[PDB]
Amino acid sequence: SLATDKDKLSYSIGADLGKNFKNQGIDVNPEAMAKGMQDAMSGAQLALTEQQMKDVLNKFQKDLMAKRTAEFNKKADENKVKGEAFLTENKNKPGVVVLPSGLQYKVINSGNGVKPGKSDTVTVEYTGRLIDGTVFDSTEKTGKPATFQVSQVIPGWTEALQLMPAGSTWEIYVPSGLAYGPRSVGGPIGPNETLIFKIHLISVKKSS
């Protein structure tokens, strides 16, 4: 029973830690953990030498990073394989064009304005989704267009924008190499993920 907040806090700390252990593969014994925490807090002689524990925890970290490196490689290869399957089927579909870099696109509506240069600025309404349809960014959520310097977005966009007349709307299919490649820092887009964009290029502006 948890009468006091010392208990409520301790329990809450334990549950948060157990939750992080549970979904990380770390198989730990809560009773042996309580004993070592108690020995540390009481100032008693710990059951392991400073050195034994150091080896214990360093092996722990070594094994942990390896487990997390294998999972990342495993997902990186699954996405890569998924993306290739997708593009292989997509190249066959009507109106799809494949470029040397592997970028694919399909003209929805062809505009009549100018093609932007690698130093230009552009205004676009866009929507981006994973292969499974999961949308991860859209200007339609902002309710207004966005502006980018063509040379300052992912390679897939840079190669696409340079081919679109202003006023056009294209769907582009971006192999991970032209996108975020082996990403391991941002949640929305996993690693080696192929991306699908609807891009409406509104306006092009040069610079000085």
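Start at 1 with the first residue shown and count on from there.
Averaged over their C-alpha atoms, the temperature factors of 9-17 and 184-192 are higher for 184-192. According to the PDB record, 75-83 carries the higher mean C-alpha B-factor of the two stretches 102-110 and 75-83. As recorded in the PDB entry, 53 shows the highest C-alpha B-factor of the residues 166, 160, 53, 178. When the modelled residues of the chain are ordered by their C-alpha B factor, residue 27 lands in the highest third. Split the chain's modelled residues into thirds by C-alpha temperature factor. Residue 48 is in the middle one.
When the modelled residues of the chain are ordered by their C-alpha B factor, residue 145 lands in the highest third. When all modelled residues of the chain are sorted by CA temperature factor, residue 123 is found within the lowest third. Annotation for residue 65: C-alpha temperature factor in the highest third relative to the rest of the modelled chain, per the entry.
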